Amino acid sequence: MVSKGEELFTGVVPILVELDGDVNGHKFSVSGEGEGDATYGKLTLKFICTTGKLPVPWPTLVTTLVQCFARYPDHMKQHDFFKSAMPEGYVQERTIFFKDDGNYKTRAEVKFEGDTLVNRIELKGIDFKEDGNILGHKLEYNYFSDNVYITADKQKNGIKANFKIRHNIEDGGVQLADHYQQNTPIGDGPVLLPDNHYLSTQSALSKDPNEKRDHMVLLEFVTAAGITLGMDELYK
């Protein structure tokens, strides 16, 4: 049957994102607006730095700035923790370790406000090098993709995840960002605790040619995978 939070995602849902950040004492805020269509795992978002110039590269914020918009295949619907927590939502926490550099620690609450899915985030970054790839703005602005590996966390009635992002550097190299993630429901209702699986995510970054503020346009696709259930046997 059609589960309860999942009903909230059958059509196009407006999204709002609000982030406050402090990285090595450089304080900033980002606001974003757009929409998600979980039927297609599709997100279209535009973010603005509302405090002026963003003091870190936009690509390093993409993962922090709504995995409830994942397309879960029909045969995997019992493994979608994210929608099962809705509308009351979940807390999403990460530590993001930038190899040979600093780290971000993030705490977000993702929940519905009326018909709008809202992601409210606090980010704290420490131990960055002033001339490293992050504070020195040496990262390319283009595209990345990777797999979010999810496991159940029965003790917190939630999930954990781990993944790597390989951010291209302007000189041809890679800046690795190792992500550790935990999500816990805000409400007390039952949630779906999943078997191990992953979200295949592709993030394409662009600019609005008419936008003079510091900003990012994001087109993202997010698809659950990694469980077969013998869907191959249907076709001999």
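Read-outs throughout are calculated quantities, based only on the coordinates presented, and are distinct from any laboratory measurement. Quick reminder, even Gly has a Cβ in these numbers, built from the backbone with ideal geometry, and neighbours come from all protein chains shown.
Of everything in the stretch 44-54 that's touching a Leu at 6+ places or on another chain (Cβ under 7 Å) and surrounded by 16 or more Cβ atoms within 10 Å (Cβ to Cβ), which residue is farthest from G125 (Cα to Cα)?
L45
Find all pairs meeting these conditions: Cβ atoms under 9 angstrom apart; at least six residues apart or on different chains; first residue within the stretch 1-19 and in a helix (DSSP H, G or I); second residue surrounded by 14 or more Cβ atoms within 10 Å (Cβ to Cβ) and among the β-branched types (V, I, T).
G5/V191
From the set of residues in the stretch 175-206 that are hydrophobic (A, V, I, L, M, F, W, C) and over 16 Å from the mean Cα position of the chain (by Cα), which is surrounded by the most Cβ atoms within 10 Å (Cβ to Cβ)?
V191
Quick one: is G34 small (G, A, S), within 16 Å of the chain's Cα centre (by Cα) and either part of a loop (DSSP other than H, G, I, E, B) or surrounded by fewer than 20 Cβ atoms within 10 Å (Cβ to Cβ) (or both)?
Yes; evaluated as a whole, the condition is true for this residue.
Taking into account only those residues within the stretch 69-83 that are more than 14 Å from the chain's Cα centre (by Cα) and of a type in the set (A, V, I, L, M, F, W, C), which is nearest to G226 (Cα to Cα)?
Among residues in the stretch 69-83 that are more than 14 Å from the chain's Cα centre (by Cα) and of a type in the set (A, V, I, L, M, F, W, C), the one nearest to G226 (Cα to Cα) is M76.
Please work out which residue is nearest to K46 (Cα to Cα), limiting yourself to the stretch 123-138 and to residues that are exposed (fewer than 15 other Cβ atoms within 10 Å of the Cβ), touching a strand residue (DSSP E or B) at 6+ places or on another chain (Cβ under 7 Å) and of a type in the set (D, E, K, R).
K124
Restricting to the stretch 139-170, and then to whatever is surrounded by 14 or more Cβ atoms within 10 Å (Cβ to Cβ) and of a type in the set (G, A, S), can you tell me which residue is nearest to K207 (Cα to Cα)?
Once the filter is applied, the top-ranked residue is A161.
For the stretch 201-236, name all the residues that are under 22 Å from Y141 (Cβ atoms) and hydroxyl-bearing (S, T, Y).
Selection gives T201, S203, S206.
Hey, could you check the stretch 153-192 for residues that are in contact with a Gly (Cβ under 8 Å, 6 or more places away or on another chain) and of a type outside the set (S, T, N, Q) and say which is nearest to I227 (Cα to Cα)?
Restricting to residues being in contact with a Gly (Cβ under 8 Å, 6 or more places away or on another chain) and of a type outside the set (S, T, N, Q), the top hit is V191.
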